[PDB]
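Using ideal geometry, Cβ is built from the backbone for each residue, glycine included, and neighbour counts are taken over all protein chains shown. We did not get these values from a lab; they are worked out from the coordinates using the rules stated.
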Amino acid sequence: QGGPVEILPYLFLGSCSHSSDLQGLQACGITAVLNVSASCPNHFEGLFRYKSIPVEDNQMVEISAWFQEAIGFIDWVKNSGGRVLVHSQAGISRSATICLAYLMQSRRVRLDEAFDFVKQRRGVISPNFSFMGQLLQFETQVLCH
């Protein structure tokens, strides 16, 4: 029971085909669009604020470089923009991971309570099933740093 990701009525995230009806419904009344494609951190605005995150092409694109970018783009929209929607590009939870950083550096809940809030269990990326070691790493990475 999961798939689509949505944090509060201001932050929205997709993942699989659900990103179509979702990104479209919000598109009608959207403000900041996190186009996870390329062109590095680009700040366009076809309709309001188009954000572009540099994606990669290997395994699942390491998301350790979008920590400050995610919380800087998502927070910059909630503090002035309005609604930020992160799109996907491989039926993966990469987009939900970006919003995770926001809830971490902004809500201070670490990937533990943050991942548990953005959605329910069932949904582990990369080799990380039945394991509780990854915790202080992302914490000091998105919060402390």
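Points worth noting:
- DSSP beta bridge pairing in the chain, given as percent antiparallel to the nearest 5: 40 percent
- Note on the chain: Kirkwood radius taken over Cα pairs, Stokes-Einstein applied at 20 °C and 1.002 mPa s, translational D equal to 141 µm² s⁻¹.
- Contact order normalised by residue count of the chain, Cα under 8 Å, 6+ apart, percent: 27 percent
- Backbone geometry of segment 134-145 corresponds, through the Karplus equation with coefficients 6.51, -1.76 and 1.60 at θ = phi - 60°, to 3J(HN,Hα) couplings of 5, 7, 5, 4, 4, 4, 4, 7, 9, 8, 3, 9 Hz, x marking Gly and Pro.
- Annotation for segment 97-145: trypsin sites (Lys or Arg not before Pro) lying in DSSP loop with at most 16 further Cβ atoms inside 10 Å of their Cβ are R107, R108, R121, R122.
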